[PDB]
Colleague: 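Have a look at the structure that comes next, please.
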Amino acid sequence: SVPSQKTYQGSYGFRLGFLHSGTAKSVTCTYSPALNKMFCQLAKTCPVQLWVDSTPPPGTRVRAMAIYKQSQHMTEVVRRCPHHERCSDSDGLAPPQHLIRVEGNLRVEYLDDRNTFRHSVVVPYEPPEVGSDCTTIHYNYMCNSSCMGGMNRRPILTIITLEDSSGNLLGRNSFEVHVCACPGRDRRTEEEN
Ligand SMILES: [Zn+2]
């Protein structure tokens, strides 16, 4: 079946957070609290915060996966468009077909699920850095929502899951994401509508 997208804070009080970045033209990633929706530019840094009430032990892993929002497209694997999946922009770790990457982490791990064929990217959980009360992961989305032959304007969710070293589910959250050229503009537009 389709991966679960049901929210669960779980034992560690797992919640997601996002920078309050506003909607100026220069912004490459902006989150709409009202919409629970991230607007971001292709290949740009996309900070996602992990907030916990208790610290998960080292060995804990954080996985990200994209799925289609509409029920008629839920069974279809979210993947990059032919153009981008053949454009050689791979960092030498990410499979060229994967929509979601993590930048700035040499311990990043990618998975093609042997049964479901779905793509996901995982990193080790690290506790909050100095000066912050949350843990931040920098994601990159390697296709535009507009990309023909890929998402083709079909809305998607990103599902973030907290799992232990043995693969046991600890927590889950999710947010919608729209990859576009003018994220600030799109956020304002969708919030007025
Ligand atoms: Zn594309």
Side-chain angles (χ1 to χ4, degrees), residues 2-5 16 18-19 21 23-24 26-32 35-49 62-85 87-89 91-106 108-123 136-147 149-161 173-184 186-191 193:
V2 174
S4 169
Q5 67 183 74
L16 294 182
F18 306 88
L19 293 168
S21 71
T23 55
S26 57
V27 171
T28 55
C29 178
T30 185
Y31 171 76
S32 174
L35 296 177
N36 189 32
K37 186 169 179 183
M38 159 186 294
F39 297 83
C40 62
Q41 283 199 11
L42 200 161
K44 291 304 194 307
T45 307
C46 176
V48 174
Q49 305 176 337
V62 185
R63 176 183 314 266
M65 173 189 300
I67 75 171
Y68 285 115
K69 183 182 171 182
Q70 309 164 262
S71 61
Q72 69 254 46
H73 301 298
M74 285 199 204
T75 61
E76 181 179 338
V77 175
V78 177
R79 58 174 64 252
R80 292 177 84 196
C81 77
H83 167 69
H84 283 115
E85 92 144 284
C87 74
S88 328
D89 52 2
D91 48 10
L93 305 171
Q97 302 181 350
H98 282 213
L99 173 63
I100 312 182
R101 302 181 182 178
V102 171
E103 60 168 289
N105 199 325
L106 264 90
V108 63
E109 163 181 324
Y110 292 89
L111 172 76
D112 294 344
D113 192 278
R114 96 277 262 282
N115 278 16
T116 67
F117 316 125
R118 287 181 190 276
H119 306 161
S120 65
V121 52
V122 201
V123 287
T136 308
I137 301 177
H138 290 165
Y139 291 104
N140 299 151
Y141 294 79
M142 308 308 298
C143 258
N144 282 309
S145 290
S146 67
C147 281
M151 286 178 283
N152 201 52
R153 308 190 163 279
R154 296 177 292 174
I156 56 162
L157 286 312
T158 292
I159 304 167
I160 307 299
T161 186
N173 277 289
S174 61
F175 58 96
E176 186 170 347
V177 50
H178 179 69
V179 197
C180 58
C182 316
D186 284 39
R187 177 177 162 195
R188 299 182 185 174
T189 296
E190 300 199 20
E191 284 176 351
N193 298 13

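In listed order, ligands and their atoms are each counted from 1. Heads up: numbering here begins at 1 and tracks the sequence.
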Colleague: Identify, with sequence neighbours excluded, every residue that meets salt bridge (charged side-chain N to carboxylate O under 4.0 Å, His left out) alongside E103.
Modeller: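 For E103, no residue satisfies salt bridge (charged side-chain N to carboxylate O under 4.0 Å, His left out) once neighbours in sequence are set aside.
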
Colleague: Which residue, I160, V102, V121, forms the side chain to side chain contact (heavy atoms under 4.5 Å, CB included) with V62?
Modeller: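 Of the listed residues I160, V102, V121, the side chain to side chain contact (heavy atoms under 4.5 Å, CB included) partner of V62 is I160.
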
Colleague: Please state the angle at the Zn ion (ligand 1) spanned by SG of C147 and SG of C81: what is it, rounded to 10 degrees?
Modeller: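 An angle of 120° at the metal.
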
Colleague: Identify, with sequence neighbours excluded, every residue that meets side-chain contact (heavy atoms from CB on, under 4.5 Å) alongside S120.
Modeller: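 Listed in chain order: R63, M65, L111.
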
Colleague: With the Zn ion (ligand 1) as the reference point, give the N/O/S atom of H84 that is nearest.
Modeller: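 Going by distance to the Zn ion (ligand 1), the closest N, O or S atom in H84 is ND1.
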
Colleague: Among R187, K69, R154, find the residue that satisfies the salt bridge (charged side-chain N to carboxylate O under 4.0 Å, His left out) test when tested with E176.
Modeller: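 One option only clears the test, and that one is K69.
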
Colleague: May I ask you to check if any N/O/S atom from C143 comes under 2.8 Å of the Zn ion (ligand 1)?
Modeller: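 Looking at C143, which is the residue asked about, there is an N, O or S atom under 2.8 Å from the Zn ion (ligand 1).
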
